[PDB]
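**Student:** Residue numbers (PDB author numbering), protein chains in the order written: chain Sd, 2 to 56; chain SR, 1 to 68; chain ST, 2 to 144; chain Sc, 5 to 68; chain SD, 1 to 57; chain SQ, 3 to 146; chain SF, 16 to 204; chain SS, 1 to 145; chain SZ, 41 to 115. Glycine included, C-beta positions come from ideal geometry on N, C-alpha and C.
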Amino acid sequence: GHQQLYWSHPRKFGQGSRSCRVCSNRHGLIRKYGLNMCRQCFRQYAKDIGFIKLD
Amino acid sequence: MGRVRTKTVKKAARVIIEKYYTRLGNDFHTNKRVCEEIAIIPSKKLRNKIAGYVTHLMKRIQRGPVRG
Amino acid sequence: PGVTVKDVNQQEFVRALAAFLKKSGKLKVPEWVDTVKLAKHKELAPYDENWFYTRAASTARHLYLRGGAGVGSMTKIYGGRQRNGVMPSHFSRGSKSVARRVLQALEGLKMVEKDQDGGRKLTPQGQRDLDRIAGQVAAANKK
Amino acid sequence: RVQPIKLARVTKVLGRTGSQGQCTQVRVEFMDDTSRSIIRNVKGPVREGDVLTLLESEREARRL
Amino acid sequence: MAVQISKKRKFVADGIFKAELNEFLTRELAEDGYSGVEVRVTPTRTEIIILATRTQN
Amino acid sequence: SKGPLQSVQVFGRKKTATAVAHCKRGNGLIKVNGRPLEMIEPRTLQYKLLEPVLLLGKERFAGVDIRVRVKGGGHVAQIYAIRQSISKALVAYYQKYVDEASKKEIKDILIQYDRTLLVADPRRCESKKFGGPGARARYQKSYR
Amino acid sequence: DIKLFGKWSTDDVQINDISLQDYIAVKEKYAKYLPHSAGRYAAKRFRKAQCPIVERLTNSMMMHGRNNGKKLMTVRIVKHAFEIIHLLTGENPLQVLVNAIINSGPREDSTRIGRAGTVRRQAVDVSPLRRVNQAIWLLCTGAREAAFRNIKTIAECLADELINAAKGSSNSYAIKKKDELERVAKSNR
Amino acid sequence: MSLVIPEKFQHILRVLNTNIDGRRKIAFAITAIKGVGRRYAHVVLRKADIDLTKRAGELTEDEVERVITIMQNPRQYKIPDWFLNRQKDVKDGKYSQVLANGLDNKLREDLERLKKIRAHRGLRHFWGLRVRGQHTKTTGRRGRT
Amino acid sequence: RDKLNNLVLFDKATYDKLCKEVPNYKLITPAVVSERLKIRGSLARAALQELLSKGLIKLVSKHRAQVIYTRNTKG
RNA sequence: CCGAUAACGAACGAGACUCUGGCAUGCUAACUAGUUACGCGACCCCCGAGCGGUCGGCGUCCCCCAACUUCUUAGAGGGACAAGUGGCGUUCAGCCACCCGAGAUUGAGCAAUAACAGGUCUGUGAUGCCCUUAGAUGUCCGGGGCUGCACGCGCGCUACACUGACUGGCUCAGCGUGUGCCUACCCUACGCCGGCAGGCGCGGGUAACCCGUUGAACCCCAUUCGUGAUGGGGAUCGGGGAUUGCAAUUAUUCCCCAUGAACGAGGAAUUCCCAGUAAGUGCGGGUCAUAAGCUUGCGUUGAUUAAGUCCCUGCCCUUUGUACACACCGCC
Ligand SMILES: [Mg+2]
Ligand SMILES: [Mg+2]
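Here it is, written out as C-alpha cells:
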C-alpha cells in the first residue's frame, strides 16, 4: 500500500509482464504478430480478426 | 476402386439426355462442351463427371433401351 | 588447354594448394596452432598439425567461388554437427578466431583484400596463382 | 520313393483362404501333362499365368 | 518505415480493432437491435457504419 | 555452320530441385554449374549423369553446347533433375531446329530406358498432421 | 554392353527355372547401369518383379534404423561386394547373385493357422513372388548378422553369404533357414 | 617401417603410480592416468614433439621421462591456463593439473571441506544424492538399490 | 567366442608367414588377413600398403570404408 | 449406386464443396525474381583453342542504355472424366489389365439425427447458488514451494557400435520469423579482440529489397581406430570461465579441462504404419529477460512387406428375448 513497496517488485519481463488483452489471463498467451491474446479468446475472435482455417 | 457415380450426377445425366438427346453424341469432349451451356453446373469437376456418364449412356442407348 | 579451378577435383586441388602454402614461407601462422580445436562442436583437435595450411587452402577457393564472404560466413561454412551428448544433435558454427587469423594471414600474404563492402575478395594475383596450381594439378592428375 | 519336383502353371485364382487371407487357392495344370489340373493352396502373391514349383504331385488343397 | 509497423502486424492490428469494436458495440447496443458493423479506412479518414434494426433508437 | 539464334532453354525438376539446361549451337561439351559432369559431388551416381550421353553416344552431342544451372533439393534430387533436364533439353532443341523424325529415334530409346528421363516425378511430399511425428505415423498410445 | 558398375554384362546370364525366370529382372530390357532408380515400383501389385533385382538388393540392404535411407551406402556396399566375389570366383557376379537367390528360395512353407482350436501349421507351397522376396531377405539379414561383432566388413560378409548360398555348401544362413522351413513343412504335411 | 615389435618394447609399463597398456596408441594409452583425457594427451605429446603413430610400447626411456615432466609441469611449457584441471585453485590460487591419485586427493579435499562448511552441496554429497539440482523422483534408483 | 588378443605388431613367426603366403590367394583384404593371421588390423592396413609398395599385390578398390587387394596375375 | 421390390419422389449426412500437390516453353506481367545476348574487365591461357573457358566480377530503368518470361512470383483459364482399348460381371451398377497421358485413389478443412450427469467455474468484466470479506480465501511485498526421493507406471531422447566413431575436405533445402498502444523485450552482415562461450564500432532491415544465393544436417571423399565395455556411451562428479536477470544456492543457460556409470539388442507383453509413406537426418515457429529432449510445421536421404480376411480386438446393421422406458449404473 505504501508507495515504496506497493509496486516495488519489477515485472519488466517474464510471464507476469504479459497478459491477455481481453481477459487479463497469463496462460496460453499468443504473442506472435503482436497479437497479445489469450488463446481461448483468440479462438473466439479469430473470424472477426481475419483468421480462417482453410485446412 | 471407388469410381461409383453419385445419384446427383446420375440423375442429372438422365435428365439432359432426355431433354437434349439430339445435341449429345459419342464424344466426351463434345458432351462436356454442350453440357457447359445447356445446364448451369457451378463446378467443372461436377461438369465432366456428368459428361462422363452421358458418354457412357450414349454407348448403351445406341445398342439397347435403358431405364431413361 | 586452359584450366580453371572449377574444372579439377576439389579434393585434390585443396591438398595441392595447402602443400604450396607449406612450401611458400610467406604465410604466417599463430603460435596456438598446436593447442586449440577448430570449432565448438569438435571433440578433438585436427590430426594434421598442418591443418592451418589445409584450412587456408580451403578458404582460398571458397573466396574464389563467391566473394563478399566474411568471418561469420566462414564460420557458417565450416560449421558442423554437434552431438550435444544426451540432447539430440544440432548445428554449431565454427570458431571465429581461427577463421579471422586465416583471413588476416592471407591478407598479409597480399592476395586477398577487403571489399568496398564487408568481407574479403581475391586479388588478380590471387586467382592468378590459383589457376596456376589448378592447371598443374590437372596435368599431373590426368596423366 | 521321393516324387520328382516339377512345375505347375497357374490358370486362375480361386480366392483367399486360411481364415486371414494368408493363403490362396489356385487351379494349376502341370506342363508335363497339361490334361491334369488340381487346386493347390499357395502362400504369397500369385497372379494368373505365372508358374510355380511343386515338391509333390498327389497332395491337393483343401479349405484353410 | 522504422516508425511504421510491418504490414502483417498492421492487418492483425486492424482485425484486433474490428473484433474489439464489434464486441464493444454489441455490449453497448445489445437492446438497440444491434446487427453488425463495417469499417472503411482511408488515409484521409476511417468510417464506421453500424447496421441495426432500429436506427431511430 | 554459322546459324545464330539457335538455342533453347529447358527446365526439369524433382522434389523442389529445379535444373534449367541451356542448349545452343556449339562444339561438343558439357558443364553443370561451371564444372564438367565428371567433376560432381555424388561420384557414385556419376554413371547416371553420363548415362544419357551413353545412350545415344557422343556423336549426337558433338554438335551441341549445353550448360546447366541447378538450384534446390538435395544431392540425389539435383542429379536426377539434371539428367532428365539434359534429355529434355537436347530432345527439345532437336525438335525445334531439325526433324522430329530423328527426334523420335532418340526419344523412344530414352523412354524405353527410363521414362523419368523425360517425364518428371509428380510426387513431392505429404504434410505433417498433429497426431504423430510424421505424415501418417502416430505417437505411442498406452492404455495402462 | 550396359555394364552395371562399368562391367559385368547381363547378356550372358541365364535363369535355370521358369518359376523365377518370369520374375527376375536381370534381362536386357531390365539391365541398368546402377542399382539406383526411384521408379515407384511399390505403388501397386506385381510391380516389384519388373524392378531390377540388383535394385532390390540395395533396397533390402538398408535395415534396422541406423541406415534406413542410406541408398548410397548400400550401392557402394554391393559395389565392393560384387568386386569381392568377382575376385575370388572370377565368374559373373550377377550370375552368382541369380544362383544364390535360386538356391535360397524356400519352395515350401507352413501357414501356422491350419486348425482353429490348436495351432496346426498346415504345409503349403510358396508363390514365386514369395520365393524371391524371402530369398533376398534371408540373404540380406544373413549378411546383417554375419559381421555384427567382428572385424569383418559388411561387403565381405555379404559376399561369402552369397557364395556359400550359390554353391549350396549349407554353411550359409539362407541355406540353413530354408532347409529348416522345408523340414517343418515335411513334418506337418 | 611396419616391422615386428622391437626388442626394447614394454607390453605393460608403469607410469607415475599405475600401469598403462602398451598395445594402444601413445596418446590414447597415456589417458589411462587418472586426470588426463584425449585432449590433454594430444596437446602434451605435441609439445613433447614426438611421434603419434607409434604405440606406447615404442616409448623409449628418454621419451618416457620427457612426457611425464610435461604432464606434471604443463604450465611451465606454454600449456594455456584454461586447459588445466585446478585452475585458480581454492587453496593457493595457483593453476595446475592433477594426475593419478593426486586427482583423488584434491577431489577428496573438496568433498570433505564441503561437508565441513555444511553447505547444501556437501550435505547432498554426504547423503549420497545428486548435487547439480537434477530431479531424483524417478531416476537414480539403481544407485541406491 | 571368448577373446581375440590380436597382435599389435609382427614378430618372428608371423612377419615371415605373411610375406610367404599372402600374395597367393584370391582375396587380400585387411579384414580377411587379420582373421587369418590374428593381427590387429590397423597393422593389417599398414602391412598391406607396404606390400602394395613392394609390388607383390595389385590394388582393386582403394575406398575409405574398405580397401581391397588381390594376388598378382601369374604369368 | 445397380438391381428385385407397395412403393414413387425427395432432403440431411457421404458426396458435392474450399484450400493444398503435380502439368501446361499456352495468356497476363515484374530492378524487391530473374534468364539469354552484348560492352568492359579479372584470371586461365597461349601448343593454337579466341564465336576459347570461369566469374553470385561491373554495367546494358545509372533510364534511353538489349530483348524475353524458359527458370521465380500469381492471377485468370485449361487439364481427368473410368475418357480409349481388352477381359470379367445379371452384361446392369461396377472391377481388373494395358496404350496414351503431368496426373488413372494428393493431402487436409468442414461435417447429420443424437448420446456420453465426458473435460473445463483455474480462459473470460460467461454464470446461478454457497463460502470469505478488514487478523481478508481481496490485494501487494519478502522468502520458501510447485523439482523435494526406500518405490511402481507412461510419453520420450541418448546408446549398446566397424553399415561405425574421430580428423579433415567436398558439399546441395524448404517452411517461416524478424524492432513492440499497454510492453522497457527484434533478426542481424562486416571489421577487430578472445581458444570458447563471448566482448567492441560501424552498418542493413517493419522486409521477394537486409540477414540470405538462408554455404543445414544426413549423406559423399580421404586418414586414423580395430571387436577391446575400446577412440562406443557421455551418466555421475570436481575445478574454472561467459551470457541473461533485481536476484543463478536446490546447480537458468552456454563454454573448457578433468572421471568415465550401466548399457554387448531387451522376458511375458505391447504401439505405429502402405509411397516420397515408414525410418534416419537436420532446420523454423509456439513456449522465451534466459532457453527444447515437448509440440507444431518444413525440407533432405529413402525403402521392406500387401492389394486380403474376420482368426483376435473393437464397432455397425439385421434377427431374437425382455417383467427394462429414470431405460442394465434398470427392475426386482
Ligand atoms: Mg465431402
Ligand atoms: Mg569431463
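(1) Let me see if you follow: with CB-CB separation under 9 angstroms, is ST:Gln137 close to chain SQ or not?
(2) Closest Cβ-Cβ distance between ST:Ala40 and chain SS: below 9 angstroms?
(3) Which residue or residues does DSSP assign as beta-bridge partners of ST:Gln83?
(4) Can you tell which of ST:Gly68, ST:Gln137, ST:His91 has its C-alpha closest to the C-alpha of ST:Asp116?
(5) Any beta carbon from chain SQ within less than 9 angstroms of ST:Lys7's own beta carbon?
(6) Closer than 7 angstroms by C-beta to ST:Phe21: which residues in its own chain qualify, once you throw out the five before and the five after it? Chain order, please.
(7) Should Sc:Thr15 be labelled buried (16 or more other beta-carbon atoms within 10 Å of its own) or exposed?
(8) Exposed or buried, which one is SS:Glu58 when buried takes at least 16 other CB atoms within 10 Å?
(9) Could you name the residues of chain SQ that SF:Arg146 contacts, counting a contact when the two beta carbons are closer than 9 angstroms?
(10) Let's test the definition: count the other Cβ atoms within 10 Å of the Cβ of SS:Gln97 and tell me whether it reaches 16, buried, or not, exposed.
(11) Closer than 7 angstroms, Cβ to any Cβ of chain ST: which residues of the segment 51-84 of chain SS, in chain order?
(12) Which same chain residues end up closer than 7 angstroms to SF:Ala40 when comparing Cβ atoms and leaving out the 5 residues on each side of it in sequence?
(13) Interface residues of chain SQ around ST:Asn10 at Cβ under 7 angstroms?
(14) Helix or strand or just coil, what does DSSP make of SD:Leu51?
(15) If the criterion is Cβ atoms closer than 9 angstroms, does the pair Sc:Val46 and SF:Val134 meet it?
(16) Determine the direct distance from the alpha carbon of SS:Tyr40 to that of residue 242 of chain SF, and round the result to whole angstroms.
(17) Would SQ:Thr20 pass as an interface residue toward chain SF - the criterion being a Cβ-Cβ separation below 9 angstroms?
(18) On the DSSP bridge assignment, give the partners of Sc:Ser41 in chain order.
(19) If we count the other Cβ atoms within 10 Å of its Cβ and call it buried at 16 or more, is residue 1 of chain Sd buried or exposed?
(20) Hey, does SD:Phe24 have any beta-carbon neighbour from chain Sd nearer than 9 angstroms?
(21) Would the beta-carbon of Sd:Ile50 fall within 9 angstroms of that of SD:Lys10?
(22) Anything in chain SF within Cβ reach of residue 71 of chain Sc, meaning under 8 angstroms, just list it in chain order.
(23) Quick check on SQ:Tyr96: buried or exposed, where buried means 16 or more other Cβ atoms within 10 Å of its Cβ?
(24) Where does ST:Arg67 sit, in a helix, a strand or coil, going by DSSP?
(25) By the 7 angstroms beta-carbon criterion, what residues does the segment 24-36 of chain ST contribute toward chain SS?
(26) Relative to the C-alpha of Sc:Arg44, which candidate in Sc:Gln24, Sc:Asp37, Sc:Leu11 has its C-alpha closest?
(27) Among SS:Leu103, SS:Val44, SS:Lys78, which one has its Cα closest to the Cα of SS:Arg86?
(28) So, are the CB atoms of Sc:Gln7 and Sc:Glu62 less than 9 angstroms apart?
(29) Tell me which residues of the segment 99-122 of chain SQ have at least one Cβ-Cβ distance to chain SF shorter than 8 angstroms, keeping chain order.
(30) Rounded to whole angstroms, how far is the Cβ of SQ:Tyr115 from the Cβ of SQ:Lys16, which I believe are closer than 8 angstroms?
(31) So is SS:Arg23 in contact with chain SZ if we call contact Cβ pairs under 9 angstroms?
(32) Compile a chain-ordered list of the residues in the segment 22-34 of chain Sc whose CB is closer than 7 angstroms to at least one CB of chain SF.
(33) Kindly indicate the opening and closing residues of the beta strand (DSSP E) around SQ:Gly74.
(34) Applying the criterion that 16 or more other CB atoms from any shown protein chain within 10 Å of the CB defines a buried residue, is SZ:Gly115 buried or exposed?
(35) Within 8 angstroms, do at least three Cβ pairs link the segment 86-93 of chain SQ to the segment 104-122 of chain SQ?
(36) Any contact between the segment 195-203 of chain SF and the segment 121-136 of chain SF? By contact I mean 3 or more CB pairs, one from each, below 8 angstroms.
**Tutor:** The relevant details are as follows:
(1) Not one chain SQ Cβ lies under 9 angstroms of ST:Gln137.
(2) No - not a single Cβ of chain SS is within 9 angstroms of the one on ST:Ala40.
(3) Paired residues: ST:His91.
(4) For the residues ST:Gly68, ST:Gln137, ST:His91, the minimum Cα distance to ST:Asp116 belongs to ST:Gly68.
(5) By this cut-off, ST:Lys7 is an interface position.
(6) Leaving aside the five residues that flank ST:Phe21 on each side, the residues in its chain whose CB is nearer than 7 angstroms to its CB run, in chain order, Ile134.
(7) The residue in question, Sc:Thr15, is exposed, as its Cβ has fewer than 16 Cβ neighbours within 10 Å.
(8) Under this definition SS:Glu58 is a buried residue.
(9) Per Cβ cutoff of 9 angstroms: no residues; SF:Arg146 is ~27 angstroms from chain SQ at best.
(10) Counting Cβ neighbours within 10 Å, SS:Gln97 comes out buried, since at least 16 surround it.
(11) Contact residues of the segment 51-84 of chain SS toward chain ST are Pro80 (C-beta to C-beta distance below 7 angstroms).
(12) Once the five neighbours on either side are set aside, the close Cβ partners of SF:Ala40 are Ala64, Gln65, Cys66, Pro67, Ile68.
(13) Neighbours of ST:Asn10 on chain SQ, chain order: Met41.
(14) In the three-state reduction of the DSSP assignment, SD:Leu51 falls in the strand class.
(15) The answer is no: Cβ separation not under 9 angstroms.
(16) The requested residue 242 of chain SF is not part of the displayed model; chain SF covers only 16 to 204.
(17) Chain SF, which has no Cβ nearer than 9 angstroms to the Cβ of SQ:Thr20, makes this no.
(18) Beta-bridge pairing links Sc:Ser41 to Sc:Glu33.
(19) No statement about residue 1 of chain Sd is possible, as the shown extent of chain Sd runs from 2 to 56 and does not include it.
(20) Interface residue (Cβ-Cβ distance to chain Sd less than 9 angstroms): SD:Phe24 is not classified as such.
(21) Cβ distance not < 9 angstroms, so Sd:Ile50 and SD:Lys10 don't count as in contact.
(22) Beyond the ends of chain Sc as shown, which are 5 and 68, falls residue 71 of chain Sc; an answer cannot be given.
(23) Buried, because 16 or more other Cβ atoms sit within 10 Å of the Cβ of SQ:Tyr96.
(24) In this structure, ST:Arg67 counts as coil in the three-state DSSP scheme.
(25) So the close ones are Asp35, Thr36.
(26) Selection Sc:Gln24, Sc:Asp37, Sc:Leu11 evaluated against Sc:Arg44 yields Sc:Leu11 as nearest (Cα-Cα).
(27) Comparing Cα-Cα distances from SS:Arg86 to each of SS:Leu103, SS:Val44, SS:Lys78, the minimum goes to SS:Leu103.
(28) The answer is yes: Cβ separation under 9 angstroms.
(29) Those residues of the segment 99-122 of chain SQ that come within reach of chain SF (Cβ to Cβ, closer than 8 angstroms) are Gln114, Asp116, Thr118.
(30) With 8 angstroms as the limit, SQ:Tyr115 and SQ:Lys16 do not qualify as a contact, their Cβ atoms being about 17 angstroms apart.
(31) Cβ-Cβ to chain SZ under 9 angstroms: yes for SS:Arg23.
(32) Going along the segment 22-34 of chain Sc in chain order, one finds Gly22, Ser23, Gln24, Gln26, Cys27 with a Cβ nearer than 7 angstroms to chain SF.
(33) Counted as a single uninterrupted DSSP element, the beta strand (DSSP E) harbouring SQ:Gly74 occupies residues 66-74.
(34) By the 10 Å Cβ count, SZ:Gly115 comes out exposed.
(35) Segments in contact, yes.
(36) The segment 195-203 of chain SF vs the segment 121-136 of chain SF: in contact.
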